[PDB]
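Next up: just one chain, as structure tokens, the form deposited in one PDB entry.
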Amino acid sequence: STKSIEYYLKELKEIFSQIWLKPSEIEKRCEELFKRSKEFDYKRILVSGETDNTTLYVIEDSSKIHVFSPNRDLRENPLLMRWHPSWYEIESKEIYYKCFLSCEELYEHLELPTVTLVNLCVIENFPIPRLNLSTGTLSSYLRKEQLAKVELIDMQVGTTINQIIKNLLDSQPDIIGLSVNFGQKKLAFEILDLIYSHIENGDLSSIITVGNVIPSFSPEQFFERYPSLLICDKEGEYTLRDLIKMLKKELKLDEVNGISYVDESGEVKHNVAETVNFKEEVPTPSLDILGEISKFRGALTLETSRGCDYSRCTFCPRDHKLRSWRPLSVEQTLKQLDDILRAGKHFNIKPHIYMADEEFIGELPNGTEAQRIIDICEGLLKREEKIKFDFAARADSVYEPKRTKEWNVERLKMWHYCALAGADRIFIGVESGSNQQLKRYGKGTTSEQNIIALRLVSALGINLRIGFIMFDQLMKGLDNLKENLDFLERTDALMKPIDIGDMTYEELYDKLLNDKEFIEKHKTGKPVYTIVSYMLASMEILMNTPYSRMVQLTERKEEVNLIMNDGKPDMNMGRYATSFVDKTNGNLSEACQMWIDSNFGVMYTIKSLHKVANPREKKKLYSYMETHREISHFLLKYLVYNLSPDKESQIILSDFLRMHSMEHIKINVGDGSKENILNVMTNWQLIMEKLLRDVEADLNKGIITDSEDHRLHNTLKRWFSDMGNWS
């Protein structure tokens, strides 16, 4: 009945617009819509597809199948196309409904396997969830291709191991997948143990696979305990597509995209992974978990590109994330952002997107990457409500003197468009302020280039954070630390938001690079270390990095053992434990870790109180955090001074101590032993005591308010009693 068809499509379009509902809830509303007339009886229904291609099949029986596609021309349906590549007329108006009569094989295509994907989480360490793209994009890929019914389970929202197993027994999946991230080995093994014990009991029958970086990097530890396990080495989309084909006996195991496995002869095999056509095959992440994420005050995410076109930083392994850059189209980027924002608004989640991209800006062979960003920004600026979004970028995505002035001026224009469209907290992978160390890091940048990048981005009103790895194991002598400290103390890098007014981009660019009076007029006066993400950080050497091979090459070249655990990496953390080739630098790195450990409880408590404090207490608690960061920066300057004094550092340290009334602060000069370094740090810790005595007095005076369990009182009391104790 054509009147009922129109009514059914219109009602389905309204049902399918609720893209946060899980497919079972969508199906419930579809059953209630089709049971609303006794003038139609059916045997079963199936919903597949997603967002703008969601599709309902009403199976009257296997010989009469109705198909409704309210959001897209049915001729583009991939399931129907696999069943019959010429079922439709190439020249007709778009069709949104079709009844298929006596199409026996079509029923088999509609018997979709079930795939359950589980995101693991150690909720103690990560209490605030973010939309999980690892599983969300695998789900949406499979739904859009109409390859499987997908169930999503996310431990971020509190689902326990026993609730996962209960869920699996109820859903009876054909494929179970776990996303296994840093620190999740023990959780993964516990869940896998229970999965296989229930397979053994006849309660489950499933292909089991694990993915993400931890099993990809260390498969042997997984194969040793679970010999039949299949590991997804890189992207999961085509892997899951091919496991579904293998389920149907349409592929052999040695044909499945991008997996590692133990074959019949007990040998580990690897299958080639074809890089996913991300541009157009991976839609909006599935939003099944979003409602629960909003209850935990969680965050929206999106990945608008995959990979890094640079891929040369020596500490950044590329084997899992790959060495080429694959962007979403502009149109698709804007559609997916619209979807996530609309769904977030339904749950009152604030319109703040955390971009997952390793490289948001990218590089294209035709050189149009900046225009792509400007087009995305122009699309965001057409929206009715403003948004904010965060992303990461290299310093040379801002400023690159090896490129023409015209390229850099167009780059500044692009960054301005990012600011206009809502770019908020941007992370720049500076990593070092020492030209030698930058080269050991494979960053390709100079110290001065990093300063200028920060100047340009901050002048646009964007709110920067930088990565900074102060210590690295191959550093010889103290020169690179002195260079780093000098860089971090520069006050000519961070600019206030500059009113562009009637300046051209070229005028703004020229003034920020060359006009010393202009830079002075507009600086915030804050040193670079104020935007460092993690102070006093030391290099953590991951598996499969150029830096690990540089260390292994130094072990041979200088006949010294640097990689502990008998050269073996940690499977759970995907990284080596490595000593420093320069024992003094190793001692300085160790002391800085002990400094961090010694302040962690009190500073964690101050940070926790700050999140929920009134405006006046918020500023007081923030001032403690600023002072702590300052004391932590000049701790290292003080340690280096006591090993290698110079007059310039003597003045700076004396000025700082005088500003804090600690000029008095059994110390050997030039002595790099652990014992002397600890004695020096015990002395500097008296400055931290001075800060915490102000915190203590403010707490006692009622100027700041403690938590209900008296956490600040308790951690302060312990801190004072632990002074000069190190471990």
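Definition used throughout: the rigid core is the maximal C-alpha set that superposes within 1.5 Å between two forms. All residue numbers refer to positions in the sequence shown, first residue = 1.
The same protein also has a form deposited in another entry, omitted here; what follows describes it.
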Superpose on the core and compare between the shown form and the other one; which one of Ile469, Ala392, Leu133, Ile451 crosses the 2 Å Cα shift mark? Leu133
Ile214: CA shift of at least 2 Å between the shown form and the other one after core fit? yes
Superposing on the rigid core, is the Cα displacement of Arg718 between the shown form and the other one 2 Å or more? yes
Could you tell me whether the Cα atom of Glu410 shifts by at least 2 Å between the shown form and the other one after core superposition? no
Shift in CA distance, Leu300 and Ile123, in the other entry relative to the form shown here, given it is 3 Å or more: closer
Under comparison with the form shown, the C-alpha atoms of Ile214 and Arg394 in the other entry shift by 3 angstroms or more, placing them closer
